[PDB]
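Included below are structure tokens for two forms of one protein chain, each presented in isolation as structure 1 and structure 2.
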Structure 1
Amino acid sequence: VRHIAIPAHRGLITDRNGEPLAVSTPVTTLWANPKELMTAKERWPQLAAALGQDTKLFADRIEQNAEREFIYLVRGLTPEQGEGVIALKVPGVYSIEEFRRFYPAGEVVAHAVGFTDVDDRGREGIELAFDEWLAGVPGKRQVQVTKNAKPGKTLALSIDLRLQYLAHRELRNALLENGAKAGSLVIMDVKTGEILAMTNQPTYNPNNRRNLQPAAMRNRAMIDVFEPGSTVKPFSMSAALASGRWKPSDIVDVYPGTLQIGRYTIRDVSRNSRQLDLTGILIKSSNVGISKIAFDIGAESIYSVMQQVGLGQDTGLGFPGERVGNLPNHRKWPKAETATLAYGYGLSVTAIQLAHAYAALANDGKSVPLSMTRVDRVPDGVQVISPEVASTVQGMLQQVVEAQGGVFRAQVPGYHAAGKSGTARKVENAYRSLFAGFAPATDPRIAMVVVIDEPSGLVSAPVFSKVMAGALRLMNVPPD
């Protein structure tokens, strides 16, 4: 008396509206009892042909495995083609009925959904992350069914497939139009912590993984870590405005675009300024300007805001090889390390962490935990920046996009947007174009990060413009 497992049907993955993203499809896996197959040798050439395998290769395989009470013949055969084998009616041939995944949206949501292995177990993305929820529990057969298989449970992602398609298309076009290698785009609901879209390029078809380059499989949004540069200056400014020592109309002299701190010299990307107000320091991305404010308030206040918005912290999503990056801490913050933290070369983050930090600022200073599954009851979340500072910083970022001298290519057709461009350094000196922002600026709903590796706020900003316009409309957000 022997036992054999009854495979359980893997749970359906849908997007947030019930659109199917991963579905367990019927297939048949033919095994055989060699010792039985060894009594029907004159059938072998027809079995071989019908199995795709080749006559002598097939005969060799069966002969050497003549002891084995059991061997597979083939996995994954369609159930109708698979009868064409049991239609030859060869002795020794027994069939198992099995499920295999199909991915109806294919390459569009490859990295977010991921895929299963040959054993129907999660290997990447959500398939891995919720493998236990989706897998259910195999059954048992001896005589009797000693245990009935329980089916895996349905899972509704936070992803909106309409926004994911728009993000996938617009990022793809931007990479060809800027001869760029790779890129990421993350869209978040700033109220719910939901990831509405996460697209990486290059992508792959999880329904055909034969010619699959490890480069295409890379979930860049959650894995690539970089120095966020000027895109974290809003968090430096949040610390400045919470200090009691700074208001937006305060002036800093940044002439002549350089600042010597001991042996080190801080050097601005544009060196045509003397007096700048705090908004101008952001618009110009003056490192001298943000450095002088950081020296006045202390790195500790900046470190604390960056920590509280989740920069360099575990996201809690449970995706495989999610990287945490690095928010370095000190007892004693010297001038050099204080400055480099304040203008964003003093830490490294992922696109997902950056978008989550921009969500907190956009959600009037309240952090909500990230979710890759549909949120029905919003968590309470944490007031990490006062609503008043958050409001002030939002208005500063709206000026960055829409003031004279600002990033005009991020302006969003129909709405007022807010955000900041940056030049990232990978973590031997690789460079990415960043844009981080949210909209609508006065009443934010969506936060977005665009990352474009090695293009060969002119590059990332127009992508943000186009994906944001489309996202706000698909979500029936009213024009301001």
Structure 2
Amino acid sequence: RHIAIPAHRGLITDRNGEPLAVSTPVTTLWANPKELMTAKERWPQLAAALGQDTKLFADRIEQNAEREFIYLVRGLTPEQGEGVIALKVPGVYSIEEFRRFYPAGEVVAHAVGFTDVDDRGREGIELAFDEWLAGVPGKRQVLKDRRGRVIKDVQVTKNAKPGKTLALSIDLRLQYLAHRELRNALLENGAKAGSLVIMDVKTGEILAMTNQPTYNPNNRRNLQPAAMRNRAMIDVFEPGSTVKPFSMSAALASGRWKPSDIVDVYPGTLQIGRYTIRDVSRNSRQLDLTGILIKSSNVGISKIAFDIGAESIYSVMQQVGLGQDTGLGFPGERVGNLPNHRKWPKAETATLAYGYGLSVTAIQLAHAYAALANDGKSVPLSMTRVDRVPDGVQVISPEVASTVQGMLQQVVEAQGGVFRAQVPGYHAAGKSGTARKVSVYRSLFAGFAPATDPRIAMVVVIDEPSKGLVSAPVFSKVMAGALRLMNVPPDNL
């Protein structure tokens, strides 16, 4: 008959060459039952080396004595298979298969994914590039002589073609750092889940994408689906104040607003017909445009939104990628939602402006802050190593981008700003947020550094630390280590 020859699945490395998924050869054992039936006295020794019960093994050989080929076991270790082969039992033959091994384990479990018992990809990169990584299986022909004995020198009908190598955009050094500090932030704040994304704002490469809780892809025998979800690409949420800078970009591009314009926010609430907009910091009477970001004033950005109209705000969000398909082709990836109505009443205009009228993923939010950090130039996302700068698209003018960049640095360094997120030795820009979802609380921070010449954008999501500024220190530590890892010279002395 015919026996398939499994193809060596292509190697997955990080951007530097660190192995992330390796096809390790294993030993699979198959038997010719008619040949096995002539050496019954060896079956107990055989079943022991295979790791099978003596009687169950004997039953299986009898019930399949008619066939010329059955599998005894698949995927033994090299030493185990050599134990079986050392018995020299008639009718027992071996083939070399491959088992996928993930050296980093749970650190990069969601990005890389994992494979079948048949070594085809089921999640992550392993599934998104499965065509690329799989290769073609070969065919071996079982030749029997007279009296049904398999010929030792097997006959290969068709050769297997190996799969192709893939280098991800992930940087394993930054992946470890992000996986570590995010893991600490949850066990310290007693949080349920979380996510952390790091992007190269110039290349669009994804330098790290870690989720908690995670799982070990080498030990899936008790895998729980709560750890298998790639939250960075699947969990959608209302971005809240983290998309206020993109409302600000619309206001500065309208020509009707300058950073020094004041807006009346007395008394921290605002009545829009039957709805009531509420600022958290109601102890403010008037704010300029930077202060509206510093204080997360829903009232402040709503009055600006009424002036410039929602379609201009919708346009900046759409063009920085929010609610749009990322093009990564990852399985289970969610596009989120940007609201679609032709006419924009005041309440819909307001909620969109302060980030409650839309749904985004953490990956989209990092992509949006990368465009802002890249001087308003949008570059496509990439999970594979880019062979250097791709063509970007100017979606925010460089001067409006520089102005909002400066405002976001003021969110971190100015009076009343979030001093938590400061990277010691560096100038960091960023914006915090909070997302609530009702069914009948996520801490958000998004930023980039160094603000004098941005290199990387980061988004930190931390699920349910209370029944929320817990993400800001996570940004601080990871951004510090990341800059100190990929060697960014300080800009704050």
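We call the rigid core the largest set of C-alpha positions that still match within 1.5 Å between the two forms. For numbering, take structure 1's sequence and count from 1.
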Margin query: With the core superposed, a Cα shift of 2 Å or more between structure 1 and structure 2 singles out one residue among 216, 161, 155, 93. Which one is it?
Written below: 93
Item checked: Rigid-part reorientation between structure 1 and structure 2, C-alpha based, degrees -> 8
Note to self: After superposing on the rigid core, what is the C-alpha displacement of residue 264 between structure 1 and structure 2, in Å?
What the structure shows: 1.3
Item checked: Rigid-core-superposed Cα shift at residue 45 between structure 1 and structure 2, Å -> 3.4
